[PDB]
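Novice: The structure file start10.txt (compact mmCIF, C-alpha atoms and all ligand atoms) is provided below.
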```txt
# COMPACT_ATOMS: atom_id res chain seq x y z
CA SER A 1 119.85 63.32 55.51
CA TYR A 2 116.88 63.07 57.86
CA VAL A 3 114.45 60.79 56.10
CA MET A 4 112.41 58.23 58.01
CA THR A 5 113.41 54.69 57.09
CA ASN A 6 111.08 51.78 56.33
CA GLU A 7 107.98 53.92 56.32
CA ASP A 8 105.85 55.50 53.63
CA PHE A 9 106.20 59.23 53.17
CA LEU A 10 105.47 61.76 50.48
CA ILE A 11 107.65 63.88 48.24
CA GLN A 12 106.81 66.43 45.58
CA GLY A 13 106.32 64.92 42.14
CA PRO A 14 105.64 66.56 38.74
CA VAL A 15 101.85 66.36 39.06
CA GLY A 16 101.35 65.76 42.76
CA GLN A 17 102.82 64.00 45.74
CA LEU A 18 104.64 60.73 45.22
CA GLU A 19 104.58 58.04 47.88
CA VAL A 20 108.07 56.83 48.67
CA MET A 21 109.76 54.46 51.08
CA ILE A 22 113.46 54.06 51.71
CA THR A 23 115.70 51.54 53.35
CA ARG A 24 119.18 51.83 54.80
CA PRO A 25 121.59 48.89 54.79
CA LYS A 26 122.52 46.85 57.88
CA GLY A 27 126.29 46.92 57.38
CA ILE A 28 128.66 49.22 55.55
CA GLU A 29 126.48 51.70 53.67
CA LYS A 30 127.92 52.21 50.19
CA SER A 31 127.76 55.59 48.46
CA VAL A 32 125.25 54.19 45.99
CA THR A 33 121.47 54.44 46.13
CA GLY A 34 119.09 52.28 44.12
CA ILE A 35 115.68 53.45 42.96
CA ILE A 36 113.23 50.69 42.09
CA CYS A 37 110.16 51.11 39.91
CA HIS A 38 107.05 48.99 40.15
CA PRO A 39 105.07 47.04 37.57
CA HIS A 40 102.13 48.28 35.57
CA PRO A 41 100.02 50.80 37.48
CA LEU A 42 96.98 49.77 35.39
CA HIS A 43 97.38 46.16 36.51
CA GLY A 44 97.69 46.67 40.24
CA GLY A 45 101.42 47.29 40.29
CA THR A 46 102.62 49.20 43.36
CA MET A 47 105.80 49.87 45.32
CA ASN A 48 104.77 47.01 47.62
CA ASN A 49 104.87 44.41 44.85
CA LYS A 50 106.89 41.40 45.98
CA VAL A 51 109.31 41.45 43.08
CA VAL A 52 109.92 45.13 43.83
CA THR A 53 110.48 44.14 47.47
CA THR A 54 112.88 41.46 46.33
CA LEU A 55 114.85 43.94 44.27
CA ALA A 56 115.03 46.18 47.33
CA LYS A 57 116.22 43.27 49.48
CA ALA A 58 118.92 42.41 46.97
CA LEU A 59 120.16 45.98 46.80
CA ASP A 60 120.02 46.32 50.59
CA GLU A 61 122.06 43.14 50.93
CA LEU A 62 124.63 44.73 48.63
CA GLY A 63 124.90 47.71 50.98
CA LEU A 64 122.78 50.19 49.08
CA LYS A 65 120.07 52.44 50.36
CA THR A 66 116.93 51.75 48.38
CA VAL A 67 114.12 53.97 47.29
CA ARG A 68 110.78 52.60 46.19
CA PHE A 69 107.87 54.74 45.13
CA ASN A 70 104.42 54.64 43.64
CA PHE A 71 103.90 56.08 40.19
CA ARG A 72 101.35 58.87 39.90
CA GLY A 73 97.86 57.73 40.85
CA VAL A 74 99.05 54.63 42.68
CA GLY A 75 98.53 54.36 46.42
CA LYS A 76 98.97 57.76 48.02
CA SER A 77 100.69 59.14 44.91
CA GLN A 78 98.48 61.80 43.42
CA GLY A 79 97.57 62.25 39.78
CA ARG A 80 96.60 59.78 37.11
CA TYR A 81 98.19 57.38 34.68
CA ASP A 82 100.08 59.27 31.99
CA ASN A 83 100.85 56.82 29.23
CA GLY A 84 104.34 55.96 30.43
CA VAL A 85 105.34 59.56 29.76
CA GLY A 86 104.56 61.22 33.06
CA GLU A 87 105.73 58.08 34.79
CA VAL A 88 109.20 58.74 33.40
CA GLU A 89 108.95 62.24 34.87
CA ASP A 90 107.93 60.73 38.21
CA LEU A 91 111.06 58.61 38.30
CA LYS A 92 113.10 61.62 37.23
CA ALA A 93 111.65 63.52 40.19
CA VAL A 94 112.50 60.72 42.60
CA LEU A 95 115.97 60.62 41.10
CA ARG A 96 116.45 64.36 41.64
CA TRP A 97 115.18 63.95 45.19
CA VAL A 98 117.77 61.23 45.81
CA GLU A 99 120.50 63.39 44.24
CA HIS A 100 119.41 66.24 46.51
CA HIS A 101 119.49 64.14 49.68
CA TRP A 102 122.58 62.08 48.86
CA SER A 103 124.54 64.13 46.34
CA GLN A 104 127.61 61.94 46.82
CA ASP A 105 125.83 58.72 45.89
CA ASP A 106 126.08 56.89 42.62
CA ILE A 107 122.73 55.73 41.29
CA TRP A 108 121.31 52.36 40.44
CA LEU A 109 117.96 52.20 38.65
CA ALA A 110 115.83 49.09 38.71
CA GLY A 111 112.37 48.02 37.78
CA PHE A 112 110.01 45.15 37.25
CA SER A 113 108.04 45.01 34.02
CA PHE A 114 106.43 48.46 33.40
CA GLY A 115 108.92 49.82 35.93
CA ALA A 116 111.75 48.20 34.01
CA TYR A 117 110.71 50.23 30.99
CA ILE A 118 110.47 53.45 32.97
CA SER A 119 113.81 52.94 34.64
CA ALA A 120 115.45 51.96 31.34
CA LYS A 121 114.12 55.17 29.79
CA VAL A 122 115.65 57.29 32.51
CA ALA A 123 118.94 55.36 32.44
CA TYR A 124 119.09 55.99 28.71
CA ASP A 125 118.83 59.75 29.35
CA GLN A 126 121.19 59.89 32.30
CA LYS A 127 124.04 57.44 32.63
CA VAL A 128 123.84 55.68 35.97
CA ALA A 129 126.14 53.14 37.57
CA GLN A 130 123.77 50.24 37.00
CA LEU A 131 120.40 49.52 35.45
CA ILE A 132 118.47 46.41 36.44
CA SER A 133 115.42 45.09 34.64
CA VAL A 134 113.27 42.22 35.78
CA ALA A 135 111.04 40.95 32.96
CA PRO A 136 111.42 44.10 30.83
CA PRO A 137 108.32 44.31 28.62
CA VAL A 138 110.35 44.68 25.45
CA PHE A 139 107.27 44.73 23.26
CA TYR A 140 106.55 48.25 24.49
CA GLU A 141 107.09 50.50 21.51
CA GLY A 142 109.31 52.71 23.64
CA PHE A 143 111.81 49.88 24.10
CA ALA A 144 112.67 49.75 20.40
CA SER A 145 114.89 52.83 20.57
CA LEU A 146 116.88 51.80 23.63
CA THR A 147 119.68 50.29 21.54
CA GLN A 148 122.77 52.09 22.87
CA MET A 149 122.30 52.01 26.63
CA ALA A 150 125.22 53.74 28.33
CA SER A 151 124.36 52.42 31.78
CA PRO A 152 125.51 48.85 32.51
CA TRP A 153 122.39 46.73 32.16
CA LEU A 154 121.39 43.53 33.95
CA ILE A 155 118.21 41.86 32.73
CA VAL A 156 116.70 39.04 34.75
CA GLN A 157 114.07 37.02 32.97
CA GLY A 158 112.06 33.89 33.69
CA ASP A 159 112.05 31.43 30.80
CA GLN A 160 108.45 30.44 31.50
CA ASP A 161 107.18 34.00 31.60
CA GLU A 162 103.97 34.16 29.56
CA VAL A 163 103.47 37.89 30.06
CA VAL A 164 106.89 38.90 28.78
CA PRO A 165 108.06 35.96 26.66
CA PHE A 166 111.69 34.87 26.92
CA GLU A 167 112.20 34.73 23.15
CA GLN A 168 111.14 38.35 22.83
CA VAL A 169 113.49 39.50 25.54
CA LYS A 170 116.28 37.40 24.05
CA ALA A 171 115.65 38.95 20.63
CA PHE A 172 115.73 42.43 22.13
CA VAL A 173 119.01 41.68 23.88
CA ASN A 174 120.35 40.38 20.59
CA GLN A 175 119.20 43.34 18.52
CA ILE A 176 120.42 46.20 20.70
CA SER A 177 124.04 47.27 20.28
CA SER A 178 125.02 47.75 23.90
CA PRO A 179 126.04 44.76 26.05
CA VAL A 180 123.50 43.30 28.44
CA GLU A 181 124.10 40.84 31.23
CA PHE A 182 121.15 38.57 30.49
CA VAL A 183 120.34 36.22 33.33
CA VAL A 184 117.60 33.65 32.98
CA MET A 185 115.72 31.79 35.69
CA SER A 186 114.59 28.43 34.41
CA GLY A 187 110.97 27.59 35.11
CA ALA A 188 110.16 31.05 36.44
CA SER A 189 107.01 32.85 35.39
CA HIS A 190 106.46 36.57 35.11
CA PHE A 191 105.77 36.65 38.83
CA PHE A 192 108.48 34.42 40.24
CA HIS A 193 105.93 32.67 42.45
CA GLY A 194 107.88 30.82 45.13
CA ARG A 195 111.14 31.84 43.45
CA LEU A 196 111.71 35.19 45.18
CA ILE A 197 114.46 33.93 47.44
CA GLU A 198 116.28 32.57 44.39
CA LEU A 199 115.60 35.80 42.53
CA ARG A 200 117.22 37.80 45.34
CA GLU A 201 120.18 35.44 45.36
CA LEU A 202 120.49 35.71 41.60
CA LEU A 203 120.41 39.49 41.75
CA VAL A 204 123.04 39.65 44.48
CA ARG A 205 125.31 37.18 42.71
CA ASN A 206 125.22 39.24 39.52
CA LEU A 207 125.51 42.64 41.14
CA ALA A 208 128.09 42.00 43.86
NA NA B 301 104.03 45.61 34.14
NA NA B 302 96.19 58.06 44.41
```
I'd like the structure from this file rewritten - as structure tokens, please.
Ligand code: NA
Ligand code: NA
Specialist:
Amino acid sequence: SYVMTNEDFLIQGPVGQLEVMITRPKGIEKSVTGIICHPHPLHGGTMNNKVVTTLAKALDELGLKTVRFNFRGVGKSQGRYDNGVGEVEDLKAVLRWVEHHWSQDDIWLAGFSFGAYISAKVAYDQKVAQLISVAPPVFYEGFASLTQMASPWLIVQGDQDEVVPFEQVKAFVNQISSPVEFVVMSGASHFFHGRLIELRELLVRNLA
């Protein structure tokens, strides 16, 4: 499907255009596409966030096309913040767009913090081949109900994350019924400053 690679472009979202960028892998391209959601739009989170980039690099290394996008209101994406509700619809729109362009592909959903919540919400509604959360903000009220996730779920978490505390994520992983692959980076903060190479390696190791 003719879609320019490694450049920002716009697609139709629920409330306006969504800014998207895709990548295509450098070797065998698997019939799996990963969509990666960014951290909190109200705290400067965008599709260009470095943890988002790292997730994309990991998925690319694994042979997946990747799709990153800005939630409504962010960057060139039109509209305004919608309480985590419309943001779910934004991801759902990007997901439909992926399914339209690559109908044969399985889907991976991934996200960092706010984006981990949004992607988990969608993966709870539509079983996908793999869900990936980095620093899922499990204190969000909307996380409480995500107890029987059908999609396989990898959670990567720094144990020195002060924004999303390890013990809270651990407790969430413990309380939910469905199995989670819970991978912890020792000494990593919420932002993985200087640990992005290791984060990529950790993702690849656990997703290969
Ligand atoms: Na966030
Ligand atoms: Na905007």
Novice: Using only C-alpha atoms, determine which residues lie at most 10 Å from residue 177 (chain A), disregarding the query and same-chain residues fewer than 6 positions distant; provide the list as a list in words.
Specialist: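 Listed by chain and then number, they are residues 146, 147, 148 and 149 of chain A.
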Novice: Hey, which of A:134, A:110, A:59, A:20 ends up closest to ligand NA 301 (chain B)? Count only C-alpha atoms and all ligand atoms.
Specialist: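 Answer, going by the shortest atom-to-atom distance: A:134.
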Novice: Quick one: residues within 7 Å of residue 36 (chain A), all atoms listed in the file, excluding same-chain residues fewer than 5 positions away - as a list in words?
Specialist: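 Near neighbours after the sequence-gap exclusion: residues 52, 67, 68, 109, 110 and 111 of chain A.
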Novice: Do you know which residues are within 10 Å of ligand NA 302 (chain B) using all atoms listed in the file? Can you write them as a ChimeraX atom specification?
Specialist: /A:16-19,70-81
Novice: Which of these, A:154, A:4, A:56, A:47, has the shortest distance to residue 115 (chain A) once you count all atoms listed in the file?
Specialist: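 Nearest candidate to residue 115 (chain A) out of A:154, A:4, A:56, A:47: A:47.
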Novice: Quote the spacing between CA of residue 50 (chain A) and CA of residue 145 (chain A) in Å to one decimal place.
Specialist: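 About the pair CA of residue 50 (chain A) and CA of residue 145 (chain A): they are 29.0 Å apart.
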Novice: Hey, which bits of chain A sit within 12 Å of ligand NA 301 (chain B), and for each residue what's the closest pair of atoms and how far apart in Å (one decimal), counting all atoms listed in the file, rows by chain and increasing number, as a Markdown table?
Specialist:
```
| residue | atom | partner | partner_atom | distance |
| --- | --- | --- | --- | --- |
| A:37 | CA | B:NA301 | NA | 10.1 |
| A:38 | CA | B:NA301 | NA | 7.5 |
| A:39 | CA | B:NA301 | NA | 3.9 |
| A:40 | CA | B:NA301 | NA | 3.6 |
| A:41 | CA | B:NA301 | NA | 7.4 |
| A:42 | CA | B:NA301 | NA | 8.3 |
| A:43 | CA | B:NA301 | NA | 7.1 |
| A:44 | CA | B:NA301 | NA | 8.9 |
| A:45 | CA | B:NA301 | NA | 6.9 |
| A:46 | CA | B:NA301 | NA | 10.0 |
| A:49 | CA | B:NA301 | NA | 10.8 |
| A:51 | CA | B:NA301 | NA | 11.2 |
| A:52 | CA | B:NA301 | NA | 11.3 |
| A:84 | CA | B:NA301 | NA | 11.0 |
| A:111 | CA | B:NA301 | NA | 9.4 |
| A:112 | CA | B:NA301 | NA | 6.8 |
| A:113 | CA | B:NA301 | NA | 4.1 |
| A:114 | CA | B:NA301 | NA | 3.8 |
| A:115 | CA | B:NA301 | NA | 6.7 |
| A:116 | CA | B:NA301 | NA | 8.1 |
| A:117 | CA | B:NA301 | NA | 8.7 |
| A:118 | CA | B:NA301 | NA | 10.2 |
| A:133 | CA | B:NA301 | NA | 11.4 |
| A:134 | CA | B:NA301 | NA | 10.0 |
| A:135 | CA | B:NA301 | NA | 8.5 |
| A:136 | CA | B:NA301 | NA | 8.2 |
| A:137 | CA | B:NA301 | NA | 7.1 |
| A:138 | CA | B:NA301 | NA | 10.8 |
| A:139 | CA | B:NA301 | NA | 11.4 |
| A:140 | CA | B:NA301 | NA | 10.3 |
| A:163 | CA | B:NA301 | NA | 8.7 |
| A:164 | CA | B:NA301 | NA | 9.1 |
| A:190 | CA | B:NA301 | NA | 9.4 |
| A:191 | CA | B:NA301 | NA | 10.3 |
```
Novice: Hey, can you check how far CA of residue 106 (chain A) sits from CA of residue 33 (chain A)?
Specialist: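 One can read the CA of residue 106 (chain A) to CA of residue 33 (chain A) distance as 6.3 Å.
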Novice: Which of these residues is nearest to residue 66 (chain A), using all atoms listed in the file: A:203, A:85, A:6, A:122?
Specialist: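 Among A:203, A:85, A:6, A:122, it is A:6 that comes nearest to residue 66 (chain A).
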